[PDB]
Amino acid sequence: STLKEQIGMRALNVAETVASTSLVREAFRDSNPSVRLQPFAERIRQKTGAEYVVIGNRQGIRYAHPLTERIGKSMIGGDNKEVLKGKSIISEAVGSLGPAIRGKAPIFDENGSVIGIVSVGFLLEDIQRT
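Counting starts from 1 on each chain and goes along its sequence as written, which need not follow the entry numbering; residues with no coordinates are hidden. Note that the side-chain values use all heavy atoms of the structure and ignore hydrogens as well as water. Residues with missing side-chain atoms are left out of burial classes, side-chain pairs and their counts.

### Things to note about the sheet that holds strand β5 (residues 114-123)
Part 1: The strand order across the open sheet formed by five strands is β2-β1-β5-β4-β3, and the pairing between neighbours is antiparallel. The open sheet terminates on both sides in strands that have one partner only, identified here as β2 (62-64) and β3 (89-95). Strand after strand, the sheet turns through a mean of 35 degrees between neighbouring axes, direction not considered.
Part 2: What makes two strands pair is DSSP finding at least two bridges between them. Helix and strand assignments follow DSSP, with helices taken as H or I runs no shorter than four residues and strands as E runs no shorter than two, numbered in order from the N terminus. In terms of strand pairing, strand β4 (residues 98-108) meets β5 through nine bridges, oriented antiparallel. Counted as the bridge partner of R102 is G121 from β5. Helix axes use the C-alpha atoms of the stretch in contact, all axes being lines fitted to C-alpha atoms, and the angles between their N-to-C directions lie in the range 0 to 180 degrees.

### Considerations on the nonpolar core
Part 1: Only buried residues count toward a nonpolar core. Its members are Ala, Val, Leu, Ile, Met, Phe, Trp, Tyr and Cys residues joined through side-chain atoms within 4.5 Å. The rule is simple: take the accessible area with a 1.4 Å probe, protein chains only, and divide by the maximum for that residue type; under 20% is buried, over 50% is exposed, in between is partly exposed. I55 and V118 are the most contacted members of the largest nonpolar core, which has 24 residues in total.
Part 2: Of all the secondary structure elements, the ones that give two or more residues to this core are α1 (3-19), α2 (22-27), α3 (34-48), β1 (52-57), β2, β4 and β5.
Part 3: Among all residues touching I55, those that are not within four sequence positions of it are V18, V24, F28, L37, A41, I61, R62, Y63, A64, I107, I117 and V118.
Part 4: Counting ten residues, the second largest nonpolar core, distinct from the first, contains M75, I89, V114 and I117. Any two residues having at least one pair of non-hydrogen atoms within 4.5 Å are treated as being in contact.

### Comments concerning α1
Part 1: The end-to-end C-alpha separation of α1 is 24 Å, in line with the 24 Å expected for 17 residues at 1.5 Å each.
Part 2: Here α1 has its buried residues at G8, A11, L12, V14, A15, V18 and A19. Buried residues in α1, looked at end-on, bunch into an arc of 160 degrees, giving them a common side. In α1, those exposed residues whose orientation departs by more than 90 degrees from the buried face are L3 and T17.
Part 3: Lining the buried residues of α1 we find α2, α3, β1, β3, β4 and β5. Expected span of a helix, by definition, is 1.5 Å for each gap between consecutive residues, and there is one gap fewer than residues. Along the arc lie the directions from the helix axis toward the C-beta atoms.

### Details of the pattern of salt bridges
Part 1: Any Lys or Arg side-chain nitrogen located within 4 Å of an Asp or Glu carboxyl oxygen qualifies as a salt bridge. Summed over all chains, the structure comprises nine salt bridges.
Part 2: Between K73 and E69 there is a salt bridge; the shortest N-O distance is 2.3 Å.
Part 3: Among the residues examined, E69 registers a relative accessible area of 42% and is labelled partly exposed.
Part 4: Close ionic contact of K104 with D79 constitutes a salt bridge, the shortest N to O distance being 2.8 Å. In this pair, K104 is assigned in strand β4 and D79 in the loop between β2 and α4 (81-84), connecting sequence segments 25 residues apart. Note on accessibility: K104 and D79 belong to one class, buried.
Part 5: Several salt bridges share partner residues, and in doing so they unite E69, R70 and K73 into one network.

Structure follows, in structure tokens:
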């Protein structure tokens, strides 16, 4: 319905597409998943025009973020719990980069267990003039 709601639904479509990309689950088995995930997430961020395509593990530790300083630190916003249960969500929260609408999708392993999170966001300040 609203433009913000539609941007959220697009963000979740991107997050579920990223989460289902074979490279992403495979990279979780690497000694340092960031080596393959950071360049992949940056290409999707460029294609989609999202503020970020964040990829994190079950502890909320980032493997990919547009700011490399954020890699290896905890995701911010307090909206991971439902995703770690295997549910996709559209969430408005304050991330490290500020208030955003995010589509957040679980990453499943080859057995269907949740191993991580994809978060695709657009800052609220970019949806309408403050």
